[PDB]
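Chains here go by letter, A, B, C, D, E, F, G, H, I, J, K, L, M, N, O, P and Q, matching the order in which they are written, and residues are numbered from 1 within each.
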Amino acid sequence: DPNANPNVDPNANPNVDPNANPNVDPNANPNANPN
Amino acid sequence: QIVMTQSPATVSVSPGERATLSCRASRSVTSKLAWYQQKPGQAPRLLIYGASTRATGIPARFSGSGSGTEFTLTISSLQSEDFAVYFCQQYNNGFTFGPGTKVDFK
Amino acid sequence: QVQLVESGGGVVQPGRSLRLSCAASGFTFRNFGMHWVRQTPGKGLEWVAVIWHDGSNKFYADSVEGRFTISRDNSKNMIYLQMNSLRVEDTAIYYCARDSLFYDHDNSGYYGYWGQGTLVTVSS
Amino acid sequence: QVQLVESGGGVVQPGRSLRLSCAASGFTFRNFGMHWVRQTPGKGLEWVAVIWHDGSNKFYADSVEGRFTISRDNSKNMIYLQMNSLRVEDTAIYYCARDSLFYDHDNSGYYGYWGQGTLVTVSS
Amino acid sequence: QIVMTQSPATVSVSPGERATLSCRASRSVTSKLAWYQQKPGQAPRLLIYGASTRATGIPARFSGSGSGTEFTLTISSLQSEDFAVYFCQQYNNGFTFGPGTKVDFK
Amino acid sequence: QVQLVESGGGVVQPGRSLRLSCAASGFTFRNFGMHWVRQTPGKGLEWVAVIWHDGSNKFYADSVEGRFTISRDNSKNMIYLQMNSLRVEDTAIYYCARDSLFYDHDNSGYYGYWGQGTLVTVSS
Amino acid sequence: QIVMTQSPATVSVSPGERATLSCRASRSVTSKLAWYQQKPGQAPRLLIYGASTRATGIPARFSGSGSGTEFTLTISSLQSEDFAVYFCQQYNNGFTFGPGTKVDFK
Amino acid sequence: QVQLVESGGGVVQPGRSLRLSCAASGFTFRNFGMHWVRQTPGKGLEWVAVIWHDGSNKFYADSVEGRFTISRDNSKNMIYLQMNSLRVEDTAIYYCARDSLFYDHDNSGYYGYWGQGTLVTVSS
Amino acid sequence: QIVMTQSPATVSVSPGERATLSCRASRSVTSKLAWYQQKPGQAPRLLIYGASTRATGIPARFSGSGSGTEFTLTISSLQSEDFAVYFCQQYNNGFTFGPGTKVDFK
Amino acid sequence: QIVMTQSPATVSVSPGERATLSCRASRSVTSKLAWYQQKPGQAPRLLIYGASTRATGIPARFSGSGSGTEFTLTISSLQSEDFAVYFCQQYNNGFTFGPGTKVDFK
Amino acid sequence: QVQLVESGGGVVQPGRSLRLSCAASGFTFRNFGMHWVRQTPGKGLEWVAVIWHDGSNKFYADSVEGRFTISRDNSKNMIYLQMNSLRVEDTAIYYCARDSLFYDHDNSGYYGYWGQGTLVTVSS
Amino acid sequence: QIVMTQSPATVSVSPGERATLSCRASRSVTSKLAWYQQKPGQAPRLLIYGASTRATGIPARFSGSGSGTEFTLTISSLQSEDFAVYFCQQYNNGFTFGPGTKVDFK
Amino acid sequence: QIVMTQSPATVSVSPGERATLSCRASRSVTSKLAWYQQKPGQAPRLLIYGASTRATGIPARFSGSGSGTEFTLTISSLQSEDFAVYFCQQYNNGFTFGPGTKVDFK
Amino acid sequence: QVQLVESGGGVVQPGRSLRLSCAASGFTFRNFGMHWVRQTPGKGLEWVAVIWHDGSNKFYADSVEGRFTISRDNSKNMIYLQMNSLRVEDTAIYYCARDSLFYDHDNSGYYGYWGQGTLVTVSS
Amino acid sequence: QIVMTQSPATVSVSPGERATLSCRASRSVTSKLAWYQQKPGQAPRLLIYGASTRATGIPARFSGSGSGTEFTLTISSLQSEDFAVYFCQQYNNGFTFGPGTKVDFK
Amino acid sequence: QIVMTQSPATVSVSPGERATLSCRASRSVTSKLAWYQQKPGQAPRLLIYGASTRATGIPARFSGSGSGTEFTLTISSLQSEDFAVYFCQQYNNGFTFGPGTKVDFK
Amino acid sequence: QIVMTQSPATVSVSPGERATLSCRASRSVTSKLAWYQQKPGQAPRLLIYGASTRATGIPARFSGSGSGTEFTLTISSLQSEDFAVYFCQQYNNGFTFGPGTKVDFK
């Protein structure tokens, strides 16, 4: 929809979401970074 | 954004009486509206948040109700310390306050 | 005991810069977003700015867009509001306020706690 | 003082590519979405493209669909419009204009602040 | 999308008189319509946004009204600096602009 | 065998400080986030705190916000809960709980493994 | 945040029958809800996580189902050991527990 | 020529321990992370463990969490898997698999190169 | 975590004809899915990685496609050496394999 | 890793006009993209690094721009010694080069 | 004046080993990481290997992984490249390239300074 | 370097009652923090080192814990000889002491 | 590396007034930024280091603050000896200086 | 009383070499690293080189890479800067600066204590 | 320094069976760990040094392994003279021993 | 101490061709590695000392190199007299030799 | 051992200006390096010993400096009687000389 609002909504939640997963991700890249 | 108006400007109620405060928004704010109590020389205090939920430490004497564009705040049994000015905030769209309604001794 | 104290107030001339600070204690500062609220007598309460928990996003009121800068540092538990190009419309008492009493994902944007307020007057 | 300055204008031959850059200052750039406006004598104002606040969603007009590319760099506060395969119908004044004066969720798409514009001429 | 037209093409109004402009859209645009001020050599300036609300810094002399497919822009007392061509835009469905109506001295 | 053992319980006076420790064994400690859960008779179970795998983020309940501090040390495989300014409302049994039975990105926040619990009572 | 309520408070079923425990949320929690079994003197044990998935080691007797604001836990044929107090937790927004529903002899 | 040769298999009794080893050659060993993959007839392939390039992080499957320990030695190009407290459910073929064909930041977690496999049986 | 299913269990095709294998995930794995080929007595060999990218040394005969929860592996013209059991893995969330699909003579 | 493509393969311009070379990546490389110029019999020379920053000694004629997956190398008014092959490199993920673009006399 | 010159080039048979050496002067050699970049006609420019400033980390391309070996001696300001198990696909001009014009933490990996290049031919 | 603060300055405790002391660091200190006990007219004595390790000859009565920026010294059953001023030192970045907290008779 | 700019180029303040000097970095420098004061014919003097910490002997009149890419140096009640040119340096990535800002009599 | 005095200034022709020396007193010389800072009228302050406490590491600016050489003698409390291949752009005042006021592991790279400086002019 | 632990305290294996001993260190030891065999009335005998290297005269029956904090000693097929107490030493930081694990008949 | 290994055991090179020998170390020997040449019935002859320096009287044909754990010896154009067995020694830690690589006719 | 190299081989200058002579060694020489001046027809004369110490009778015009691997010889105002060839010696490891450099009239 071209008429959707492009500006950011300031009413978004500014607090940290405690329901984010506290477990460490096993899917992180295990290879050394050449960059 | 949303224009907030409060009516009447001032209310005269004796201690022990009930007081009715009205808040009206230009557009719909659903169920996101907070009420604030400010005493002279003091910072505003949060009494009711959401549309009816009460902040911690606030006595059940304070009761708010309403949704959409018509909101009301009622003090069931006004005490001596409840004489102050009350502000109305909507936080669904932006952050705007109301002009404020003063509670005065009758 | 969520305590918010303001500082950096005083008297400044129009067109100069003033910096306000806000010290917060009694809660995990880095987990919550903070606001600045302006009280101009004869107008009421006016919202100024909101900053995210980590400072990723900053939003400002239309009257202060492009002139005010809000910032935070989580290692000292303090909030900053940089006020540049002050105008005679900017005289008021500025309140440091925290967003929400607790975390409710669908309910945020109300000020659970307020500071005593610092008084800023611009004049000649 | 929302100041928008347009550059990258000039005269190019048909079938070539030109790049327009639009520098924005005086407001929080990353919190708003910008547009591109075309003004052709004898036709009036014509919309070109719109970009989101972070460039996630881009929408172009039919007359420039598939040929023009809009982009933005929030770290430099600049708005770009890459016009590839220009034609003789593309000669006009191009305007860089911000969407809306302030944030309103139900009101967006009107232009509050305009730039002085740059001229791009396509001819042999 | 929505074809936009303005009528009449030009108006001849002496300074101090009331000038009226008409804007018509092919399809309904509800309450999403803007007016712009085009001076020779100058970028358009936002006068009225949505249906009637006025941009900050725009004097009360500029008054907009209308809804649906009929919108009007009325100048209560045309001054010297307001002699220009006005553009009518919709942003309800797409982004289209009107042909433009120029105000000329009588 | 995910075995969780609380310790450091006892009886203290209001306004004093108490510390609970939790020794975890039987799994890779530094890969998972842990919680503290409080069981008050007549009220049920209520949540206290959570800590990330590496101790980056810490979240507390409203009732214990600013008074309780959670921490961890991945080297000795222990979870600590520092309780400053205890009050009468903080009398209950405290459980050391692990989040999730196994890693799932879209499913986290449930306690797959509980400790036997320790009793903390405050009075005069 | 989200207040969790259960009904009825106590259920009386003889061994071999079927017992159903209900959990209701004030607002939708989608499919994030855990059921815990606590026996006297013992720490709570996770029976079902998500909305239906069973924790490893839990017999197929326990069956969880439901989503949104209406949840239920079904024990098809209770043994003697299945008599305890069951807690309903939501972790979609915050971490709140239910008051607890007790299953006793009939 | 990435060649992986396992060893250390044999027969074990339940409740005992076996240590598998993996010799790697034909590539820069220290620049890649290595996996362990188990194949049980009637169940198929299932992942066991993974280790980082420098051995900083180690992740184990649910069924082997707390009993299996993965290690690596970058100075000898060897991958180890300590299997304590074995059960009859652990009787299968264990493959030494290298992660990724080449370094891609967004694409990792597939097994580019497998070893020939070793047999570990748990029975009395 | 995410369970992986393959259908049909066994595919019968004569050499020279096109054989298609299917893989399904309980939850979306976007485009992170690898295909492996295992012959009796041999370790699995990586054919496809990502969603369609083909490993080095693998002939252009093998063609994979799909995203989300529906994945297919297509052998354009199956040769004599292409008779084996093919496994489906997703590495978007954890590391889970499919049961495996066996391709046999007709 | 990321495959880089350059279009057109050759561009014909006479000295004095404006020449633009385009570089496109399969996956986003943010703002890490360097340009190189190689004359026949000579080693490549670094013109532009980052996305727009110019190497020391490079005349202001060479102007770089673009980010993400669409990059351009612009020559303001080409001289005679600027006839060479131009390579596009990304160093965000791995190190890959483009096929190269020829600029030749018209 | 930064000059990079290569040597060790020539013609070898497939399956044999060749050793290229690169001499560096005009800068602090031990403060920068060096690259080997390959140019095969008909294919374009190609990267081969990279070595850290002190030689702690070495990364090779997929096509050369396991066969080539890069090293350095900071006391002689020279860069080497051992090309074992050469094949006909390795016939190209090999350049000695230095990373970056100067030290920038967030901008590295581009070849600021190149050598003249040496020719390695694999054939019979 | 590191600014070390102790709170409260003085704690009132009786024999047999458990006394606690707090130490805070401006920046991270990890697990390098020592506690010293100084009696009037005497040199400080090392009680705890590291974060919790106890010096030889120190009774198990003294218990320290904490890491990062929060360190505590706890006396389980404070006797008569345990009345003195306790200092907090960090040796992670430099060598800085705390102001010292004195325990006194109640 | 990081390009440092200062604004305004010159400031005119009478003694006893408050003078504010601003500094901006092209990229984030976290909290690693120092301020130097140079009098004509003298070597620069370190006033504030890191972001706000004050060098020994520097009067409390000088107040530095800021983080990220926006830094300011505030002189609360500028005396006669505080007229000089002030330099802004970052040492987070490399070692670059600002152009310098001169404080002059009003 | 840390006093830093330099010498070796004067007028030299382009393409010739000049050596600056800096005497340090009032502090333990071998426990700190020293910098050279360049000031040119019309350009401002510029960094040149840095050396470690024991002279193990040396880092020079891009504009002086390969032409200037910094060295130190911890036995004579002197700092040296050899400036070969001088060019007209090198006319400036060179300051001997000490790094940091005191040892702070997370804060170093600022010049607390400066010297008076010497003037080096390159011209014919 | 490092506290060295061994588990279990006693192992019972019949001749011809495989006996495995474990050694754990409080902190990292890397590859500096030796195993000693002591028979009743005899001095300890060095079996393994480093992490796996075998002392001269020790049969290939004894196989040490492990690195960091996890170390294991494996006796592939224990004969009669291999019944003794095995001590674990680390010499990475100081010289500490383990309590000792005894191997006994079953 | 340090175990020296050489590969391949034998190399077949016709006269006029380039021959390369390899020597690999278990641990780093920096740049202390000497090469020797032994003809049947004769004592070994020192060709190379250090890592690349050539002994006096050794033709410039013999060119060695390498440091750390990878060392090579290259004979630029092998003559008839260069057919022998070549030994690799390290003297960084102890004095250990390699097994020896023989060069024979093709 | 250590090989000394001098650059440039010859320098052209007129009397009255400053002459710089450079000496570089392959390996570190600490601070043991001597300079000698030899005129045509007689033996070299010791000018400087150590790294900067001047021989008795040598005018202060001759200035030496440097340590480690870089050494320089500087003459403040070069005169006529001192046009000769200068040699660089190291006496830290063995006794080697430089090739010698010459000062000549311009």
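Convention: contacts are C-beta pairs under 8 Å (C-beta built on N, C-alpha and C of every residue); 3 or more make two chains touch, one makes a residue touch a chain.
Same interface as B-C, judged by over half of the contact pairs sharing residue numbers, among the pairs K-M, D-J or F-G: F-G. With B-C and A-J as the two chain pairs, more C-beta contacts join B-C.
Averaged C-alpha coordinates put the centre of chain K at 38 Å from the centre of chain Q.
With centres set at the average Cα position, the gap from chain B to chain D is 46 Å. As a whole-number value, the distance joining the C-alpha centres of chain A and chain H reads 32 Å. In chain G, the positions touching at least two other chains are 56, 91, 93-95. Among all residues of chain D, those that touch two or more other chains are 31, 50, 100-103, 105, 108-109. Shown for chain A are the residues that touch two or more other chains, namely 2-3, 8, 10-11, 16, 18-19, 24, 26-27, 32, 34-35.
Residues 30-33, 50-54, 57, 59, 99-100, 103, 105, 108-109 of chain F are the ones touching chain A in the complex. By the touch criterion stated above, chain M contacts chain C in their complex at residues 18, 20, 22, 31, 65-68, 70, 72, 74. Within the complex, the chain L residues that touch chain N are 1, 27, 93-94. Per the touch definition, chain N reaches chain M in the complex via residues 35, 44-47, 50, 61, 95, 101, 107-117. Of all the residues in chain C, the ones that touch chain F in their complex are 1-2, 26-28, 31, 101-103.
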